[PDB]
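Inspection log for the structure reproduced underneath, given as structure tokens.
Here the Cβ positions follow ideal geometry from the backbone for every residue, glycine too, while neighbour counts run over all protein chains shown. Since every read-out is calculated from the coordinates, none of them should be taken as a lab result.
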Ligand SMILES: [Zn+2]
Ligand SMILES: [Zn+2]
């Protein structure tokens with residue numbers, strides 16, 4: 001069979017992964033505005049988000065793109 005380590009168990013095919021955490025759906029999450037983004041899902045605590053931002057939101061993995069982005 002298979003033992004169920006009490007301490008800490010590794011990932012599982014139970015559910016698909018989205019956020020970099022490489023974990024299943026959990027906690028507060030958001031949807032990346034970028035239509036190209038494959039994940040389009042990240043955890044708040046991870047995306048330094050305290051509340052649900054109104055309008056559009058771009059993950060910290062897309063916005064940081066090498067382009068004409070000047071400031
Ligand atoms: Zn995460
Ligand atoms: Zn994104």
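Take the range 7-40 and flag every residue that is at positive phi and either within 11 Å of ligand 2 (Cβ to nearest atom) or outside any loop (DSSP other than H, G, I, E, B) (or both).
Scanning the range 7-40 gives a single hit, 40.
List pairs: first in the range 21-45 and touching a residue at least 12 places away in the same chain (Cβ under 8 Å), second in a strand (DSSP E or B) and away from ligand 2 (no atom under 13 Å from the Cβ), Cβ under 6 Å, 6+ apart or cross-chain?
As it stands, the answer is 27/43; 29/43, since those pairs meet every condition given.
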